[PDB]
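The chain below stands alone and is given as structure tokens, in the form solved without the named molecule.
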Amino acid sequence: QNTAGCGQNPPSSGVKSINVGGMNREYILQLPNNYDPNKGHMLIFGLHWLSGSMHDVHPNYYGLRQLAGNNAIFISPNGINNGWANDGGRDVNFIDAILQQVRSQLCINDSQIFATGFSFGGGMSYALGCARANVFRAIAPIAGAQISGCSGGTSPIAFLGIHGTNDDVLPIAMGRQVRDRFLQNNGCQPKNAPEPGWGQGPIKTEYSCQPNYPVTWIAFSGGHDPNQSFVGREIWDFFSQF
């Protein structure tokens, strides 16, 4: 169902400021080229990595911007200390604040809200899938790990995990642990997910789960780097299936 901001005169795209429990925080809002205020848009959060900032995820949003057409509104939130430590849920609360604001301003389809990010941003996407399975339709950690916490974490939510076999910063076992939680939550039949050899193309495993909560795992042969040609395409195809 569509939000109250449908039919409202839109704000400008750009850097936004927001008060989260007394803390001034910032995010980039990026509206589509053609913004129809009467069409319910996808809302896609892209979450940066440690030492990076919201200015690194904008303007390409992990390859999604080039493929999303006018279907999506993009958010690039800025982490405190250039990370997503999420102490006591403060970063989940930050996302709650953005959601409350943009849902009242923009035309969003509440069944099409998504989160993706690399490394620390993958941990934060995981933390949102754990605590906000009511809000998010799917998450897609890229080289993710349990580094932003996981409060709750028993509800099903559609999940796409992408990880490199040669990642020496967050080893792929850490990403499998994230994946394995939603294999359980989403009622997926156990199944071998092979992973590519050196110099071999990525291997996508699509698990058999409850058809509303699919799980997909894509292992590639590289390292701690989200800039693989397949990333934007695969995340877009996963998010746009709903």
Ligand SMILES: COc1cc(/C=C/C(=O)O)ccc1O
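Residue numbers here begin at 1 and follow the sequence given.
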Between the two ranges 168 to 176 and 105 to 113, the one averaging a larger CA B factor in the entry: 168 to 176
Stretch with the greater mean C-alpha B-factor as recorded in the entry, comparing 56 to 64 against 209 to 217: 209 to 217
Top Cα B factor in the deposited entry, candidates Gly46, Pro37, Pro32, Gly197: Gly197
Among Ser76, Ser119, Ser148, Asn81, which residue carries the highest C-alpha B-factor recorded in the PDB entry? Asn81
Among all modelled residues of this chain, ranked by Cα B factor, put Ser125 in the bottom, middle or top third, i.e. lowest, middle or highest. lowest
With respect to C-alpha B-factor, does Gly21 fall in the lowest, middle or highest third of the chain as deposited? highest
Going by the recorded CA B-factors, say which third of the chain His163 sits in, lowest, middle or highest. lowest
Comparing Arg90 with the other modelled residues of its chain, is its CA B-factor in the lowest, middle or highest third? highest
Position of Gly144 among the chain's modelled residues by C-alpha B-factor, lowest, middle or highest third: middle
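There is also a form deposited with the named molecule bound; it is not shown, and the following applies to it.
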Heavy atom within 4.5 Å of the named molecule in the deposited bound form - the one residue of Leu106, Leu170, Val92, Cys130 that qualifies: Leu170
Students should find that, of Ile203, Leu50, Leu31, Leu67, the residue having a non-hydrogen atom no more than 4.5 angstroms from the named molecule in the deposited bound form is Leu50
The named molecule isn't shown here, but in the deposited bound form, which of 158 to 166, 97 to 105, 112 to 120, 67 to 75 has heavy atoms within 4.5 Å of it? 112 to 120
Contact with the named molecule in the deposited bound form for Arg233, defined as at least one heavy atom pair within 4.5 Å: yes or no? no
Can you work out whether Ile147 and the named molecule are in contact in the deposited bound form, taking contact to mean some heavy atom pair no more than 4.5 Å apart? yes
Can you work out whether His224 and the named molecule are in contact in the deposited bound form, taking contact to mean some heavy atom pair no more than 4.5 Å apart? yes
Heavy atom within 4.5 Å of the named molecule in the deposited bound form - qualifying residues of 129 to 143: none
